[PDB]
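One chain comes next, on its own, written out as structure tokens in the form deposited in one PDB entry.
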């Protein structure tokens, strides 16, 4: 298998830059438009094609702050193809660039936007279900200060689009995302709701604070092995132990998310305010100057 220079007649395919849920991601060019893009590919022979479903979720999400624009989705030869707005580096990339050390200021600035992105998704009737640093990207140019959220391949509806009736409490039957950032309820095999995305973001923030999480594991392990080893450790590590030595707001955040009822509407503004209050007591300036901008 070699990639041609083009995907059909309209798209130049450049280098593979990483992976997403159920597909590989490439740089490319929309040749007719004269615009650089990102392209996600799914092999049509896959047992359960989903790219088309994912693309419809992107289309529904359009217009939200920090949601990439979808240009096209369809088939070309051996692939389904989804063409997206090109963005800046992922937060995992930028964390590495900063030697896996983010300042408290940068953590807080990121937290504010990340909570807002998640809230937006929830406003459109979906749970993201794979909250992780790789799925948040900075923008380009004048939007270099804006955090975007990506990847709707594991996203699932939590309320009816018309009635806003919440899904029933139930066991999970959906494919799941990273064990590392999964909520405790996810490890227990329970359906995710709004609280679970926010709990997972809490683990992401602690990862940025610490550089690692205490349940880090080995890639040379099956998903089954990872869930089991991480479940056991995450379940035996209190929030107060995880968050020791950091501002109390991180533990207050995590405990709030874990104490939500399955169908509660989270108080997003209260969660933002935790961090914004801390930001101002610290004497920080809300100036869009992240750690990597000083590199």
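Positions refer to the first chain, counted from 1. Here the rigid core means the biggest group of C-alpha atoms that line up within 1.5 Å when the two forms are laid on top of each other.
Participant: Does a third or more of the other compared entries skip modelling residue 283?
Facilitator: No, modelled in all of them.
Participant: Across the other PDB entries of this protein that were compared, is residue 18 absent from at least a third?
Facilitator: Looking at the other entries that model residues on either side of it, residue 18 is present in every one.
Participant: Looking only at CA atoms, which has the higher mean B factor in the entry: 171-179 or 144-152?
Facilitator: Higher mean C-alpha B-factor: 171-179.
Participant: On average, which has the higher Cα B-factor in the deposited entry, 274-282 or 13-21?
Facilitator: Mean C-alpha B-factor is greater for 13-21.
Participant: Looking at 138, 127, 161, 104, which has the biggest Cα B factor in the entry?
Facilitator: Checking the PDB record, the top C-alpha B-factor among 138, 127, 161, 104 is at 161.
Participant: Compare the CA B factors listed in the entry for 194, 223, 132, 117 and report the winner.
Facilitator: If I rank 194, 223, 132, 117 by C-alpha B-factor, first place goes to 223.
Participant: Which third of the chain holds residue 248 when residues are ordered by C-alpha B factor: lowest, middle or highest?
Facilitator: Ranked within chain, residue 248 CA B lands in the lowest tercile.
Participant: Once the chain's modelled residues are ordered by C-alpha B factor and cut into thirds, is residue 40 in the lowest, middle or highest one?
Facilitator: Its C-alpha B-factor, which the entry lists for residue 40, ranks in the lowest third among residues of this chain.
Participant: By the recorded C-alpha temperature factor, relative to the other modelled residues in its chain, which third is residue 49 in?
Facilitator: Tercile = highest for this residue's CA B-factor.
Participant: Report the third (lowest, middle or highest) to which the CA temperature factor of residue 217 belongs, ranking only the modelled residues of the same chain.
Facilitator: CA B-factor rank for residue 217: highest third.
Participant: Comparing residue 93 with the other modelled residues of its chain, is its CA B-factor in the lowest, middle or highest third?
Facilitator: As the PDB entry reports it, the C-alpha B-factor of residue 93 lands in the lowest third of its chain.
Omitted here: the form deposited with a partner chain bound. The next part is about that form.
Participant: Taking 177, 223 and 227 together, does each of them reach its partner chain in the bound PDB entry with some heavy atom inside 4.5 Å?
Facilitator: Yes.
Participant: Taking 4.5 angstroms as the cut-off for heavy atoms, does residue 130 touch its partner chain in the bound PDB entry?
Facilitator: It does: once its partner chain is placed as it appears in the bound PDB entry, residue 130 has a heavy atom within 4.5 Å of it.
Participant: Counting only non-hydrogen atoms and a 4.5 angstroms cut-off, does residue 151 reach its partner chain in the bound PDB entry?
Facilitator: Result yes; residue 151 sits at the interface with its partner chain in the bound PDB entry.
Participant: Pick from 142-150, 179-187, 106-114, 197-205: which stretch has a heavy atom within 4.5 Å of its partner chain in the bound PDB entry?
Facilitator: In the other structure, the partner sits against 179-187.
Participant: State which of the options 73, 107, 149, 146 undergoes a Cα shift of 2 Å or more between the shown form and the other one, taking the core as fixed.
Facilitator: None of the others reach 2 Å, which leaves 73.
Participant: Classify residue 63 as shifted (yes) or not shifted (no) between the shown form and the other one, where shifted means its C-alpha moves by 2 Å or more with the rigid core superposed.
Facilitator: After core superposition, the C-alpha of residue 63 moves less than 2 Å between the shown form and the other one.
Participant: Under a superposition restricted to the rigid core, does residue 249 display a Cα displacement of 2 angstroms or more between the shown form and the other one?
Facilitator: No.
Participant: Superposing on the rigid core, does the Cα of residue 272 end up 2 Å or more away between the shown form and the other one?
Facilitator: No, the C-alpha moves less than 2 Å.
Participant: Compared with this form, is the residue 149-residue 172 Cα separation smaller or larger in the bound PDB entry, the difference being 3 Å or more?
Facilitator: They are farther apart; the C-alpha distance rises by 3 Å or more in the bound PDB entry.
Participant: Once you account for a change of 3 Å or more, let me know if residue 172 and residue 155 sit closer or farther in the bound PDB entry, using their C-alpha atoms.
Facilitator: Farther, not closer.
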